[PDB]
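Just below is one structure, and these are the notes that go with it.
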Amino acid sequence: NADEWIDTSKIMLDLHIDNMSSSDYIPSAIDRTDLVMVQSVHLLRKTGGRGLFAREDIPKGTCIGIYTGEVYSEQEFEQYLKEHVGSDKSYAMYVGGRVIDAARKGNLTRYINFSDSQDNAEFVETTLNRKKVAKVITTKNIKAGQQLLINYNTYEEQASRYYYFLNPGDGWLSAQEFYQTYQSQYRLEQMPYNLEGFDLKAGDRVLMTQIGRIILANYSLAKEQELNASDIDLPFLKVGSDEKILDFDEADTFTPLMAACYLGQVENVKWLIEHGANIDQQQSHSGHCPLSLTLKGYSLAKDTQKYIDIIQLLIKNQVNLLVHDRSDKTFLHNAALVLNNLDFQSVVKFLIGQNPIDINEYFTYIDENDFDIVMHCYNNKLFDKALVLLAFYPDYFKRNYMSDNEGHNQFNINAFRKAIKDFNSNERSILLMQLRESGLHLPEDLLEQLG
Ligand SMILES: Nc1ncnc2c1ncn2[C@@H]1O[C@H](CSCC[C@H](N)C(=O)O)[C@@H](O)[C@H]1O
Ligand SMILES: [K+]
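Here it is as structure tokens:
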């Protein structure tokens, strides 16, 4: 037997996997156990969650391994779920008409946690002994010690409503251990003003870096010499009433860039971005990021222009506009709600000017009500912003209602009808006027189906 030459006990000892029997670890020949390691994810400690981390720098496009597991046909797997109380699909990979369930048996790939806006790796179909399987390939350069994150390419309402928003920087250390490790970069300070956008009142104790203190004082980073860009994304660490640090799962931290965005410090935002701040960083519980926090600051401000400028900076630096809150609203969703008509138009114009490859990507994300951004505008009666979106992307109806996928087309017709179900005669005639506008070239039959 050839498996007698495979020592999975040593594989797991080398990877730091401590919650699998050796007879349940299923290696593949392309597994790069030299490049990765399994560790606890401190954020997930209350469920003993683990993750897969880079043991060294990994170049973009490197193969990590094969998603191994127990093999079922689709029918067999449904029968399994039906017969095994408490089993679920958390580890089930649907590929090639088969199901590869890594819930009980598998390899290192079973430890990669989820993100759809900060994934640095992806599942891709490959061939193995003439059958289709899933392999993991990095989609960005990974720095040693960062967690690998991957999009599961499925919808799970429980996921959007209960998962944490994981970052590549979320590791095995607690907030206490992180502070101890980098103590010389932190100083304890008292908040001198309220800051509801991060749930801080005047007088709260917070551990801050020099960069963070500069942001909170409203000083300019560019005027400072001897700034240590290493801790640019090291977080503000809140300190509890018992004078102990709040752990990562007890309170969201934030970065200097998050704060600069919320506060509208345009030049500081530019400086932070140019010095490598993760413009896609997300707070663990809330999901708030530079984009959402800029929108928040805009909602609470007399000077809205600096926030529009910050959104412009972010978009110029390839910020991920497909990030979404817990209701699966993307940035365009929520910006439709927060920005006035002129500013919403200006931001869509910025995005236009970045010349996105697939504009339709922005129009295929649906929120918890199954509304894409156009349906969303209409359901909130933002006729002007709906027209702005239609002018941005005239092909919207063509590509999402008259595609070659009749299932998708009908789902979208039904979702559009749902979005407008509460219109009165006046709103319906305004909508029909917009839709009959020459530029969309909507066929009469689709118009019938829409109203
Ligand atoms: N972003 C996230 N926040 C919280 N839990 C997550 C998560 N991403 C993945 N998970 C957990 O991990 C499961 C996928 S298997 C991923 C490995 C798992 N964390 C483990 O230690 O075995 C999900 O069903 C969910 O329970
Ligand atoms: K403010």
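Those letters in the sequence shown? Residues 82 to 532, per the deposited numbering, in order. Quick reminder that beta carbons are idealized off the backbone N, C-alpha and C, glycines included.
Below 8 Å between beta carbons: does that hold for residue i and residue j?
i: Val122; j: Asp251; result: yes
i: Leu308; j: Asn349; result: no
i: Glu155; j: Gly177; result: no
i: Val117; j: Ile87; result: no
i: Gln363; j: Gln199; result: yes
i: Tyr244; j: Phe204; result: no
i: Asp333; j: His366; result: yes
i: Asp312; j: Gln386; result: no
i: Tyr260; j: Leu318; result: yes
i: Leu254; j: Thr262; result: yes
i: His414; j: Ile389; result: no
i: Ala358; j: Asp424; result: no
i: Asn194; j: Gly132; result: yes
i: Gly532; j: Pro475; result: no
i: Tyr482; j: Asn495; result: no
i: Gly150; j: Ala110; result: no
i: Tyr379; j: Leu420; result: yes
i: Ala416; j: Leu381; result: no
i: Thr219; j: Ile139; result: yes
i: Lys351; j: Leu402; result: no
i: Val400; j: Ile360; result: yes
i: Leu372; j: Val404; result: yes
i: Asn248; j: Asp197; result: no
i: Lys213; j: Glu206; result: yes
i: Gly368; j: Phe246; result: yes
i: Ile295; j: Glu305; result: yes
In the DSSP assignment, what are the bridge partners of residue i?
i: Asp182; result: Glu151, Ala173
i: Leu209; result: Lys212
i: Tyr106; result: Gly187
i: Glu449; result: Paired residue(s): none; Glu449 is not in a bridge.
i: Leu269; result: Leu288
i: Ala135; result: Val117
i: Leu281; result: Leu276
i: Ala202; result: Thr219, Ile231
i: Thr128; result: Note: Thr128 sits in no beta bridge, so no partner.
i: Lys319; result: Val287
i: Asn194; result: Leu230
i: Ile326; result: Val320
i: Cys144; result: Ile218
i: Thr411; result: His405
i: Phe335; result: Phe317
Got a sec: does ligand 3 put a non-hydrogen atom nearer than 7 Å to the Cβ of residue i?
i: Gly132; result: This structure does not include ligand 3; its bound ligands are ligand 1 and ligand 2.
Judging by CA-CA distance, which residue of the options is the nearest neighbour of residue i?
i: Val180; options: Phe195, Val152, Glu85; result: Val152
i: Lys224; options: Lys141, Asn507, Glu206; result: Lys141
i: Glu355; options: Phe492, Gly368, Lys397; result: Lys397
i: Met101; options: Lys325, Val404, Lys466, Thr89; result: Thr89
i: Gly293; options: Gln306, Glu305, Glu277, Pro316; result: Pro316
i: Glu237; options: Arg407, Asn507, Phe452; result: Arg407
i: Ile511; options: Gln399, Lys479, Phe464, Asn210; result: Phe464
i: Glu137; options: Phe158, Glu159, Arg113, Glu157; result: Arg113
i: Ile447; options: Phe504, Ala256, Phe412, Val214; result: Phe412
i: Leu470; options: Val428, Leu288, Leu513, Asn450; result: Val428
i: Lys325; options: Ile296, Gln257, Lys351; result: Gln257
i: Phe134; options: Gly167, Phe158, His97; result: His97
i: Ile440; options: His405, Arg480, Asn422, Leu468; result: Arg480
i: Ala240; options: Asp409, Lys212, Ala472; result: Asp409
i: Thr445; options: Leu468, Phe492, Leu432; result: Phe492
i: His522; options: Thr208, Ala472, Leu353; result: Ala472
i: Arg517; options: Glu529, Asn507, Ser506; result: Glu529
i: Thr290; options: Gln306, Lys304, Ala310; result: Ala310
i: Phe335; options: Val287, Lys304, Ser506; result: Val287
i: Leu94; options: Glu85, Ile296, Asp115; result: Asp115
i: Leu513; options: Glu85, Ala467, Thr143; result: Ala467
i: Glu487; options: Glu508, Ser506, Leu527; result: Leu527
Do the segment 453-468 and the segment 489-504 touch if we need at least three Cβ pairs shorter than 8 Å? yes
Determine, using beta-carbon pairs with one atom in the segment 280-288 and one in the segment 335-343, whether at least three such pairs fall under 8 Å. no
With a threshold of 8 Å, are at least 3 pairs of Cβ atoms found where one atom belongs to the segment 218-230 and the other to the segment 264-275? Segments in contact, no.
Are at least three pairs of beta-carbons, each pair with one atom in the segment 122-135 and one in the segment 161-175, less than 8 Å apart? no
Any contact between the segment 184-191 and the segment 102-109? By contact I mean 3 or more CB pairs, one from each, below 8 Å. At 8 Å Cβ cutoff, the stretches touch.
So, do the segment 205-224 and the segment 160-167 have three or more beta carbon pairs nearer to each other than 8 Å? These segments do not touch.
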